[PDB]
Amino acid sequence: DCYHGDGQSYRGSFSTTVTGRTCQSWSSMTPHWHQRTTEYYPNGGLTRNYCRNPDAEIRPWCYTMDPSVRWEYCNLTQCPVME
C-alpha cells in the first residue's frame, strides 16, 4: 500500500509504524491521550487504528501502542507516479 503527497488523502488500512510498532486506535486514549478523534476531525477518516495525516504532517502517522513512544510515522512510502 502507499500514499500520495503528504498523505492527507490516505484512507488505506495500514497500521504499523516505521519501527514495527502497532498503531493505537484513534478512539482510544490509551496508552496515549490525544484529541485526534472523529469528533474533532470529522473529515480525517480517523477509523480504527489506521495510519492517517489529519493534520499537516509529512506523511501518514499514528499514536502507538508502546507507552514509551507517543506517535510515529507509518511504514508507508509514496505511491509511484502513474505511468
Side-chain angles (χ1 to χ4, degrees):
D1 198 25
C2 58
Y3 63 94
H4 286 271
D6 68 353
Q8 286 186 59
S9 67
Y10 181 72
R11 293 294 184 284
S13 60
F14 203 72
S15 56
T16 304
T17 74
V18 292
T19 57
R21 292 177 164 81
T22 301
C23 290
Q24 178 187 310
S25 166
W26 298 100
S27 62
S28 176
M29 296 296 112
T30 304
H32 303 107
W33 180 90
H34 70 278
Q35 295 185 308
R36 264 75 182 189
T37 61
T38 57
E39 165 176 44
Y40 303 138
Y41 294 78
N43 301 298
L46 302 184
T47 316
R48 298 183 175 184
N49 66 335
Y50 299 155
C51 296
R52 295 282 183 272
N53 182 187
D55 297 86
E57 271 296 340
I58 51 168
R59 61 167 155 172
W61 56 275
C62 72
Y63 289 101
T64 93
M65 290 302 280
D66 182 343
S68 296
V69 183
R70 186 174 169 74
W71 71 275
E72 281 186 285
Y73 291 118
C74 285
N75 199 204
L76 291 170
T77 61
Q78 268 191 176
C79 300
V81 169
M82 183 63 78
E83 296 177 347

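Side-chain atoms are counted along with the backbone in the values below, which use heavy atoms only and exclude waters and symmetry mates. Residue numbers run from 1 in the order of the sequence given.
Evaluation of the disulfide (SG to SG under 2.5 Å) test over residues 29-58, restricted to residues two or more places apart or in two chains, returns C51-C74. The side chain to side chain donor-acceptor pair (under 3.5 Å) contacts involving residues 58-67 comprise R21-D66, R36-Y63, where partners must be two or more places apart or lie in separate chains.
The hydrophobic cluster containing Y73 also contains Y41, counting ILVMFWY residues as joined when their side-chain heavy atoms lie under 4.5 angstrom apart, directly or transitively. Taken together through direct or relayed side-chain contacts under 4.5 Å among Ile, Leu, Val, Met, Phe, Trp and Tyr, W71 and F14 form parts of separate hydrophobic clusters.
Closest of all the heavy-atom pairs between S15 and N49 is CB-O, 3.4 Å. Across all their heavy atoms, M29 and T37 have their closest contact at CE-CG2, 3.9 Å. Scanning both residues, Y3 and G5, for their nearest heavy atoms gives CE1-O, 3.1 Å.
Between the side chain of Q24 and the backbone N or O of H32 there is at least one donor-acceptor pair closer than 3.5 Å. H4 places no side-chain N or O within donor-acceptor distance of the main-chain N or O of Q78, the cut-off being under 3.5 Å. Checking side-chain atoms of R70 against main-chain N and O of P31 turns up no donor-acceptor pair under 3.5 Å. When atom types are taken as modelled, the side chain of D55 and the backbone of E57 share no donor-acceptor pair closer than 3.5 angstrom.
In this structure, OH in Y50 is found 11.0 Å from OG in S25, a value given to the nearest 0.5 Å. The distance from the CD atom of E72 to the OG1 atom of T16 is 10.5 Å, given to the nearest 0.5 Å.
At least one side-chain heavy atom of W26 sits less than 4.5 Å from a side-chain heavy atom of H34. Counting heavy atoms from C-beta outward, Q8 and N53 have side chains that approach closer than 4.5 Å. The shortest side-chain heavy-atom distance between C62 and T17 falls under the 4.5 Å cut-off. Using a 4.5 Å heavy-atom threshold, the side chains of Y10 and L76 count as touching.
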